[PDB]
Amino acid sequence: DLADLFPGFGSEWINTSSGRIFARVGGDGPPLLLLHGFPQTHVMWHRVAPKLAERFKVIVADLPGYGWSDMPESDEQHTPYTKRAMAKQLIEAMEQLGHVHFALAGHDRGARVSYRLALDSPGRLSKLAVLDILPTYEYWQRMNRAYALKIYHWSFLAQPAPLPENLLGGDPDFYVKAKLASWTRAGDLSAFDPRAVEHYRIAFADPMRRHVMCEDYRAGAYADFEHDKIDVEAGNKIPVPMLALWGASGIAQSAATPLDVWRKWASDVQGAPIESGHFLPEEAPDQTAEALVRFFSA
């Protein structure tokens, strides 16, 4: 019994060669794909997608393996949950809608899908927005005591199965709520819509879903990092005009500005802090929506 947090939006099951993508679709105008991250689902956009739906066809997609999207069978390399493979799957999903050139905003894992998409297939993107991430390579290259403690879950969830799966099963409700709360500015669940939290909680209550999320982070520690590394060493930069938003108290933020990081990764990047923790579209939807609307409006 989950709430419909996108009234007026349609519900689409988009067939891909790797399984269905679930999407809420609303609005008209240029296509804009919105990708959620961990440990959420598409419903994390529920406060900003209506604002975007004023000017765009907004596709609010569950990542491969997340939410109501099918979970592709993983392999030893976690291939389907590498950002390269998710980007390819979402490109195929977007093609099923006849969208071969689209705007993309991603948050957290979905933002990693999104910059990887921009690196692999920049022709697919009109403009890219990434919310509160640095490239996965940068997290791993900056790995030190302080970051290891802050994003312990990057190493914890990347442990070989079934260690994180089994530990996550010890208190999945506590864990997903602890993640949501601890990454907000508030430090509790008060920034979230209780109906959205229920979406996240139900998704996280499913051990197969939790395993996918670990596959995602295992990809994030290995193949995703390797893919990123190849780009850094080749000097490959995202040519897609890009917006990098981050929470003043979000994950990506540190002394050195996330914009300065992305400038090494993107030829055309503007950025701005949002007074927010990690969950920009829910902790600060008005500031987030306006930033995206302003950046994507063309």
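Numbers for residues come from their place in the sequence shown, where the first is 1.
K.L.:
Got a sec? Mean C-alpha B-factor, which is higher, 253 to 261 or 227 to 235?
P.N.:
Comparing 227 to 235 with 253 to 261, the higher average CA B-factor belongs to 253 to 261.
K.L.:
178 to 186 versus 217 to 225: which one carries the higher mean Cα B factor per the record?
P.N.:
For C-alpha atoms only, the mean B-factor is higher in 178 to 186.
K.L.:
Please pick out which of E73, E92, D206, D132 has the largest Cα B-factor as recorded in the entry.
P.N.:
Among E73, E92, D206, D132, the PDB entry lists the largest C-alpha B-factor for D206.
K.L.:
Can you tell me which of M44, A61, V269, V58 has the highest Cα temperature factor in the record?
P.N.:
Comparing C-alpha B-factors across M44, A61, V269, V58, the maximum falls on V269.
K.L.:
Among the modelled residues of its chain, does the C-alpha B-factor of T79 lie in the lowest, middle or highest third?
P.N.:
Answer is middle: the recorded C-alpha B-factor places it there.
K.L.:
By the recorded C-alpha temperature factor, relative to the other modelled residues in its chain, which third is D193 in?
P.N.:
Highest third.
K.L.:
When the deposited Cα B-factors of this chain's modelled residues are ordered and cut into thirds, is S126 in the lowest, the middle or the highest one?
P.N.:
For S126, the deposited C-alpha B-factor lands in the highest third.
K.L.:
Please place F156 in the lowest, middle or highest third of its chain by C-alpha B factor as given in the entry.
P.N.:
Its C-alpha B-factor belongs to the lowest third of this chain's values.
K.L.:
Comparing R142 with the other modelled residues of its chain, is its CA B-factor in the lowest, middle or highest third?
P.N.:
Ranked within chain, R142 CA B lands in the highest tercile.
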